[PDB]
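Before any questions on binding or motion, here is one chain by itself as structure tokens, the form deposited in one PDB entry.
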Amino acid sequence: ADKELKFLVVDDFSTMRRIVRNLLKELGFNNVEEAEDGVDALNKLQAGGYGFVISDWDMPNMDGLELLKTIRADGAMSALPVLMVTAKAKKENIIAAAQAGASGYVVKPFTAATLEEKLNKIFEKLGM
């Protein structure tokens, strides 16, 4: 929490976005915006200031893999961390996300304790 980061939480289910935002609040991260799919996420990211993305995978309009690829291709935002979120209903194409440079993976639903452990692993390995 003594880390100043603006998060973007992306999920097409409003209920899950709110859960994740509230978990972040429990961890002391109070600057957290939501987006409902990858297209919406672009509009947020282009406004600037974001430091970490937590993105669902399967979404209407633009999915999380396409979002990840678009971020990684961007000359300013190419290193933005992206934690990919998958659901138990379907195992996603992890090989493609690994190829594209996902920062990590987590299966929803999860608690704040799990999220914290995941975030800290990413902070440590990327050096932020």
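One-based numbering along the sequence shown.
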Query raised in the report: Which has the higher mean CA temperature factor in the PDB entry, 87-95 or 32-40?
Result: 87-95
Report task. Among the candidates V53, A47, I71, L65, give the one with the maximum CA B-factor reported in the record. Result -> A47
Query raised in the report: Once the chain's modelled residues are ordered by C-alpha B factor and cut into thirds, is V82 in the lowest, middle or highest one?
Result: lowest
Report summary line: Chain thirds by Cα B factor, record data; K25 belongs to the highest
Report summary line: In terms of its chain's C-alpha B-factors, the third that includes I122 is the lowest
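Below, we turn to the form solved in complex with a partner chain, even though it does not appear here.
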Query raised in the report: Is there any non-hydrogen atom of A47 lying within 4.5 Å of the partner chain in the entry with it bound?
Result: no
**Report entry** 4.5 angstroms heavy atom contact with the partner chain in the entry with it bound for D74
**Finding:** no
Query raised in the report: Heavy atoms within 4.5 Å of the partner chain in the entry with it bound: does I94 have any?
Result: yes
Query raised in the report: Could you tell me if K118 has a non-hydrogen atom within 4.5 Å of the partner chain in the entry with it bound?
Result: yes
